[PDB]
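Quick note: the coordinates plus some simple rules give every number you see, no bench work behind them. As a convention, Cβ positions derive from the backbone with ideal geometry for all residues, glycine included, and neighbour counts pool all protein chains shown.
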2 protein chains.
Amino acid sequence: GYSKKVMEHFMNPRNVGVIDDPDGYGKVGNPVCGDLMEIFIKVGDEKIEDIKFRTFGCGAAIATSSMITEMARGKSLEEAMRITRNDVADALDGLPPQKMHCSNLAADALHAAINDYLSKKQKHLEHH
Amino acid sequence: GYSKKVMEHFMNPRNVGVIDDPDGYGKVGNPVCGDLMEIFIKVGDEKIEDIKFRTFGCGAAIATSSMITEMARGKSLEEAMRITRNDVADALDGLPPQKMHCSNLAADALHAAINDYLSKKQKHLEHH
Ligand code: FES
Ligand code: FES
């Protein structure tokens, strides 16, 4: 019992892949299934200049990540940080409640990748 | 304007502290404020035998972590994994919408600590 939008993003996920040498990297595992979600970001002019995700997880996780990465592309870091699964709640309505977990991977990995980038920036400016 | 339950868990948070040499460790940062949530778990008989959190974050993050860790204490790993912020949505009703992010740290760190423990266990399988 899924949604048309989820079906579209599972069948034709956007932004699948890897970035070599990314500016930010975030990885989160779902321990139930043991699936791992990785987000890679490139940052230019404090905007998401490129984003990719890689997972072997389930339909729900893949479709959520496709929607989240699409939303994030070309936004400022601060805007991207404010994205949560809540921003695509309507597309996810009526999913089995155990797919809640799967749907949280995307946003949590994105937030991790952004924090990764930001902490690198902080370290660079240790003494300045 | 906050909830009475949130006020109680912010003023008297349960399970604050650290576990030295924990069975599972999970850390997640909120990049907006730069606050970091750490969860420590001890695992005995595939149950949460001890849990502690450590953060310097905001009231919302602290109260959520107090509620989440209290829910997790003494549950099986599998039950604990199924906990999300959704399980305390009622207590969190009407929080400023930016505290959604803060409220997700707790569950995400707990899930990270459980994955940490499980992957350590996975090491044994390499034995052949
Ligand atoms: S089971 Fe691996 S993501 Fe749904
Ligand atoms: S301000 Fe850092 S946790 Fe909400």
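A count restricted to the stretch A:27-57 and to residues that are touching a residue at least 40 places away in the same chain (Cβ under 8 Å), within 14 Å of chain B (Cβ to nearest Cβ) and more than 16 Å from ligand 1 (Cβ to nearest atom) stands at 2.
Okay, residues lined up against (1) of a type in the set (S, T, N, Q); (2) more than 16 Å from ligand 2 (Cβ to nearest atom); (3) in a strand (DSSP E or B); (4) surrounded by 14 or more Cβ atoms within 10 Å (Cβ to Cβ):
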residue	(1), (2), (3), (4)
B:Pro22	no, yes, no, yes
B:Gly26	no, no, yes, yes
B:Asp50	no, yes, yes, yes
B:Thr64	yes, no, no, yes
B:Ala89	no, yes, no, no
B:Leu105	no, no, no, yes
B:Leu110	no, no, no, yes
B:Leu118	no, yes, no, yes
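One residue stands out among those in the stretch A:1-20 that are free of Cβ contacts under 8 Å to residues at least 60 places away in the same chain and among the basic types (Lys, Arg): the one that is nearest to ligand 2 (Cβ to nearest atom), which is A:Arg14. Any residue at all in the stretch B:33-47 that is within 16 Å of ligand 2 (Cβ to nearest atom) and either on the phi > 0 side of the Ramachandran plot or among the polar types (S, T, N, Q) (or both)? Checking the stretch B:33-47: at least one residue is within 16 Å of ligand 2 (Cβ to nearest atom) and either on the phi > 0 side of the Ramachandran plot or among the polar types (S, T, N, Q) (or both).
Of everything in the stretch B:68-82 that is under 17 Å from B:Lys27 (Cα atoms) and of a type in the set (A, V, I, L, M), the residue that is nearest to ligand 2 (Cβ to nearest atom) is B:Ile68.
Taking the options A:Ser103, A:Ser66, name whichever one is away from chain B (no Cβ under 14 Å), touching a residue at least 24 places away in the same chain (Cβ under 8 Å) and among the small types (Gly, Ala, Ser).
Values: A:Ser103 fails: away from chain B (no Cβ under 14 Å).
Just a single option satisfies the conditions, and that option is A:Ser66.
Only one entry of A:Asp20, A:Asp108, A:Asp116 meets the criterion of being away from ligand 1 (no atom under 14 Å from the Cβ) and either under 10 Å from the mean Cα position of the chain (by Cα) or under 22 Å from B:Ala107 (Cα atoms) (or both), and that entry is A:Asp116. For B:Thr55, the test of being within 16 Å of ligand 2 (Cβ to nearest atom) and either of a type outside the set (A, V, I, L, M, F, W, C) or surrounded by fewer than 22 Cβ atoms within 10 Å (Cβ to Cβ) (or both) is passed.
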